[PDB]
Amino acid sequence: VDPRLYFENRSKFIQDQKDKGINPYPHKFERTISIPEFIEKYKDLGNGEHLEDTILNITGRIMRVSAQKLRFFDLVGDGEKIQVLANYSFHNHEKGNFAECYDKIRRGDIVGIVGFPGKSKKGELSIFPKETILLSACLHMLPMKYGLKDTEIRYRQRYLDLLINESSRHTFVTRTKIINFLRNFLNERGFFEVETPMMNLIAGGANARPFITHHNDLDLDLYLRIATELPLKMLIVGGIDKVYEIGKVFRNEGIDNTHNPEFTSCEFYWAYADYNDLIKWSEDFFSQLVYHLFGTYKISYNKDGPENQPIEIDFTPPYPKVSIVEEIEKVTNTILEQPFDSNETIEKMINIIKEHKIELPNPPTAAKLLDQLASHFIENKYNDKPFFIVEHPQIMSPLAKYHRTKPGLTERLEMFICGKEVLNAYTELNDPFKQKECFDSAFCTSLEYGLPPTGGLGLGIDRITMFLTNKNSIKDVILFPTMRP
Amino acid sequence: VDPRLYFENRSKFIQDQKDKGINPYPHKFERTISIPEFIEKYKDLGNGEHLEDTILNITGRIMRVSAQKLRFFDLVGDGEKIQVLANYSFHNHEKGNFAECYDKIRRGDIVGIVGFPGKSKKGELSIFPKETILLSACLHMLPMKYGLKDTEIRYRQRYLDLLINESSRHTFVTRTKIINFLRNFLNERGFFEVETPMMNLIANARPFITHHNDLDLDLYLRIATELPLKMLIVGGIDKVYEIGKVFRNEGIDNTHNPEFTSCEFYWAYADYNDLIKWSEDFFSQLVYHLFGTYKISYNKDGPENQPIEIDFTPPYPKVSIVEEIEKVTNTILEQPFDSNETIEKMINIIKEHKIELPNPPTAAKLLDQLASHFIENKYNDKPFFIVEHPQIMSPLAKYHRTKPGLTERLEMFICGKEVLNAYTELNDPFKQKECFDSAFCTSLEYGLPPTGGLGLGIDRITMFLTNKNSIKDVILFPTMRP
Ligand SMILES: COc1cc(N2CCC(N3CCN(C)CC3)CC2)ccc1Nc1ncnc(Nc2ccccc2S(=O)(=O)C(C)C)n1
Ligand SMILES: COc1cc(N2CCC(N3CCN(C)CC3)CC2)ccc1Nc1ncnc(Nc2ccccc2S(=O)(=O)C(C)C)n1
């Protein structure tokens, strides 16, 4: 029938069943066992064995109906499935009519079943109901997995995605397992989880336009946080020497497969740690995280989509370290001299952009030219293993401490997976007089009270989940991505 | 003694040490032990005993200075404290003169110390430096504990609060322990943690409004995680929860913050009675986990006053709101509470007792104000539930099985402040009057099983368990006007 017509039939059926005095949405059904526990407890029953002495109460959603006095159903719950075989021989006719009970049941209805466990004569693990009650009706027609495959409905109606395609549930189980592992990884090393405000009075910094909202009680316009960097460092001043936060941060810019205006970040700050501690932490976390999920350090990833051949990513540490300026000079055969914002070096960088591959010129400030020469010459050198780009010029990282030996550089590291930034870390500049941005006000004042030598690090949780669940879009690892209505 | 002069002097001191060649902000100091580990490793040695063979590298902040060849400092780290005993006998004169080294040290300075462990002649656990290096200077003068009492400096500069007041670091350690305990409590029962958007198109309270640039749309910060979590229940995640921040663009007060931390879980095939047993189990186990007892003390009327004891031993009393309101008021409030007859009787109670009349005086507002004056403070020596709220007060709560016009709702109160809100979820889409939010109503038509939902106020729970009277005292950085 037409999907519009099917909905009106079940709607009239609900009120038609309310007119007969029946409540089609009962309040409570006291379940005794779950479908996963039911599978594990009765997996090894005989072919055709019936345990008609053990009576159980089970719930689930009906996802299949089959055909007299014999009826068959598929009962799905917690991502697993069993069969329902309603036999007229085992039905309790004192509690109601067999036909009238099972005729009204359709696919998608949530039911509670009182019956016994057993396997079919063909060897299908089933529950044999003596009684079946409708707990919640399904008004619409549920589509087949073909019906959800290549459409945007997976994002607009995520609940049908989780019901119909088993791989979707696995993606988000993996996401939670990743975040659980990270939180436990930090707590095992003495890190302390905190909450910092999501709205502040200082707009975004140098990267993206902010989300602007009005605080009614203060009559002020505030800005959603672009990062947890500043308040976490103030806690380091406060004596919380190992601190971190896992939460949402916002950048009011354009959406694409690896950028979402609202995304999940983890930042930690580690007093008395330096650039080398942050490198070893990254190599330890990612290698142990991949082994925790897969039992191996090698994963497969369809970088260019499931249509195309996948690449193998090896997370066996150690990972290569590539110095940005020295490697750009190696691959471009040039030498870029003292301050990179010089008119001579900016001319040389722009003369590399257009002389070499015609790739896209930009608004030409020195940090942007360097950032795009790195994206064209470095960020795709290694696609079979993660690697760090290190020792970024201080003109690209104002809050990163100056390099100990190389002038004009910092002790910064950025880890890449398949050309995409996944981690950002550096030792934090703690000399208030060398922080030109103070010569944001609450943070500069806190620096004057003494920030110890500190190493900070930032993780992209959504992108990490993308690579570990073999996804090409960030929308595939977010439960409810914001979509155009 | 102007504070500006002190800052300019130490600023000049920093540049005076860079001109003499010394870097007062070194890059890395290789620590060998933390102050907590140092306390535990050497606490029970003899009075005056020195273990001069073990050389350690330790760091920390100097929090007190005292004074000719003997110098004393307090080194604090990770919320714990040791004494630093700088003796001229052990000083390494190759690295500099003893007098000038520790004379330049000021309260608040972060230093690295190379020395050996030992206890004072008085039996005070100390580090004995052979060398002391400045890691990061404190350019301002550290307030005193009095300086951070009546003033609101504790909120604008929380780092000074965490350094100066030992109880402040205890408050926020307890907060994280509460959230940690909650996450494990739910995960141990098979609950699944998820992340829901912070902005939605449909959004009890006025919303925070922000503009999405890429979509050219105005969106609203979530007032709650209720709707999308229930959609996940439809999706087959039968035990789901979220711990995060939610937003209500309303007035600030000691128990209401426009941005506050909430935990909501949804539990398929659970009902109102399961939610009560869950609440009694969680709060009793949480209080015992933090204190080793079910009884705590709380200064409801401030630390100025004597505290009251709150006993979290389950079970907790359950108070039906309508039947108990009529019991103490001697009234009988009839079938429809918004009837002109029942509204007349409630208003006749408000003015009888000289209570302020809520304006506009709607049935739900009158009921909520009789409960706040006659119920919500009846049992305050222990937590208790207010239950079975009229459905005119709970549009998303399922109707009561036997009592008409009521719901299967529960609200747990601690010291007159609501801390928990739970009910069996209305899952009949035709009985949801609000479906005349659009994505959620459509999902209800696909079948939401009988569900029990619950919401926790994490900030208020932390208030009572850390003996605080204001919500600003359990939030690290409360938002304030500059
Ligand atoms: C709208 O969304 C975003 C926009 C930007 N802007 C960066 C500059 C502009 N660019 C120019 C080039 N493009 C064509 C458009 C965007 C626009 C604003 C940045 C981030 C997001 N949001 C987002 N969402 C998911 N993951 C990441 N992670 C990520 C992105 C970039 C670097 C490092 C990490 S990270 O290492 O994972 C982690 C440590 C942060 N970020
Ligand atoms: C601006 O901030 C807020 C405003 C409201 N509005 C609803 C009440 C309205 N009133 C009118 C009269 N009032 C005197 C002033 C405000 C204003 C808008 C509600 C909540 C907050 N924010 C906040 N912050 C910390 N904790 C709580 N917890 C809380 C509050 C009320 C109920 C239950 C819980 S709860 O059970 O802990 C938890 C499960 C929810 N809520």
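Counting of residues begins from 1 for each chain and follows its sequence as written, which need not mirror the entry numbering; any residue without coordinates is not displayed. Ligands are numbered from 1 and chains lettered from A, in the order in which they are written. Values reported for side chains reflect all heavy atoms of the structure, with hydrogen atoms and water molecules removed beforehand. Residues with missing side-chain atoms are left out of burial classes, side-chain pairs and their counts.

X-ray crystallography is the method the PDB entry states for this structure, with the resolution given as 2.4930 Å.

Participant: Explain the state of the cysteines to me, please; I cannot follow it from the model alone.
Facilitator: The term disulfide is used for any two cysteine sulfur atoms that are within 2.5 Å. Inspection of the entire model under this criterion finds two disulfides over all chains. There is a disulfide in this structure between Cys438(A) and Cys444(A), and the S-S distance comes to 2.1 Å. Here the disulfide of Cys438(A) and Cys444(A) is left-handed, its torsion about the S-S bond being about -70°. For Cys438(A), a relative accessible area of 30% puts it in the partly exposed group. To sort residues, take the accessible area from a 1.4 Å probe on protein chains only and compare it with the maximum for the residue type: under 20% means buried, over 50% means exposed, and anything in between is partly exposed. Given a relative accessible area of 10%, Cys444(A) falls into the buried group. Covalent S-S linkage joins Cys435(B) and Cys441(B), the inter-sulfur distance amounting to 2.0 Å. Given an S-S torsion of about -80°, the disulfide between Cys435(B) and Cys441(B) has left-handed geometry. We classify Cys435(B) as partly exposed; its relative accessible area is 24%. Sulfur of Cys263(B): no disulfide; nearest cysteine sulfur belongs to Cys266(A) and is 20 Å away.

Participant: Where do I start with the domain arrangement of chain A in this structure?
Facilitator: A common way to state how big an interface is: give the accessible area lost once the parts meet. Residues and elements named next belong to chain A. Domain segmentation is taken from an automatic or database assignment of domains. By domain assignment, chain A separates into domain 1 (1-146) and domain 2 (147-481). For domain 1 and domain 2, the distance between their C-alpha centres works out to 49 Å. With eight residues of domain 1 at the contact, the number on the domain 2 side is seven residues. The secondary structure listing takes helices from DSSP runs of H or I that are at least 4 residues long and strands from runs of E that are at least 2 residues long, numbered from the N terminus. The set of elements that each furnish at least two residues to the side of domain 1 that touches domain 2 consists of strand 1 (56-66) and helix 4 (145-148). Tallied by class, residues from the side of domain 1 that touches domain 2 come to four nonpolar, one polar and three charged. Pairs of residues are marked as contacts when any of their non-hydrogen atoms sit within 4.5 Å. Throughout, the ten residues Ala, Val, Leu, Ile, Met, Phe, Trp, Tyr, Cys and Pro are labelled nonpolar, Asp, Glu, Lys and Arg are labelled charged, and all others, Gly among them, are labelled polar.

Participant: Would you mind showing me how to read the pattern of salt bridges here?
Facilitator: Oppositely charged side chains are able to pair whenever their charged atoms sit close together. The term salt bridge refers to a side-chain nitrogen of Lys or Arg lying within 4 Å of a carboxyl oxygen of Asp or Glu. Scanning the entire structure with this criterion turns up 51 salt bridges over all chains. Among the ionic pairs, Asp274(B) bridges to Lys28(A), the shortest N-O distance being 3.9 Å. Of this pair, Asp274(B) sits in helix 8 (residues 272-291) while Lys28(A) sits in the loop between helix 1 (3-19) and helix 2 (35-41), which puts the two residues in different chains. Looking at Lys28(A), the relative accessible area reads 25%, which means it is partly exposed.

Participant: For this particular structure, what's the right way to read the site of ligand 1?
Facilitator: Residue and element names in this part refer to chain A. Close to ligand 1 lie 17 residues, the nearest being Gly 254, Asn 260, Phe 263, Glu 421 and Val 422. For this analysis, a polar contact is any N or O atom pair within 3.5 Å, provided that within protein one partner can donate a hydrogen and the other can accept it, and provided that sequence-adjacent residues contribute only side-chain to side-chain pairs. In the environment of ligand 1, a nitrogen atom lies 3.1 Å from a nitrogen or oxygen atom belonging to the backbone of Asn 260. Among the secondary structure elements, those contributing two or more residues to the shell around ligand 1 are strand 17 (420-428) and strand 18 (454-460). With three residues, the top contributor of residues to the shell around ligand 1 is strand 17. Residue proximity to a molecule or strand is established when one non-hydrogen atom of the residue lies within 4 Å of it.

Participant: Explanation requested: empty space enclosed by the protein in the structure shown.
Facilitator: Unoccupied space between atoms shows up once a probe the size of one water molecule is rolled over them. A pocket here means an open set of points on a 1 Å grid, computed over the protein atoms alone, that has protein on both sides within 12 Å along at least five of seven lines. A cavity is instead a set of points where a 1.4 Å probe fits but cannot get out; residues with an atom within 4 Å of a point line either one. Grid points are joined across faces, edges and corners, and a volume is the space filled by probe spheres set on the points. Of the voids in this model, the second largest cavity is the one considered here, and its volume is about 120 Å³. Along its surface, the second largest cavity is lined by 16 residues, and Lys248(A), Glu262(A), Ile478(A), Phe480(A) and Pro197(B) are the ones closest to its centre. For the lining of the second largest cavity, the element with the most residues is strand 11 (residues 262-271) of chain A, which contributes three residues.

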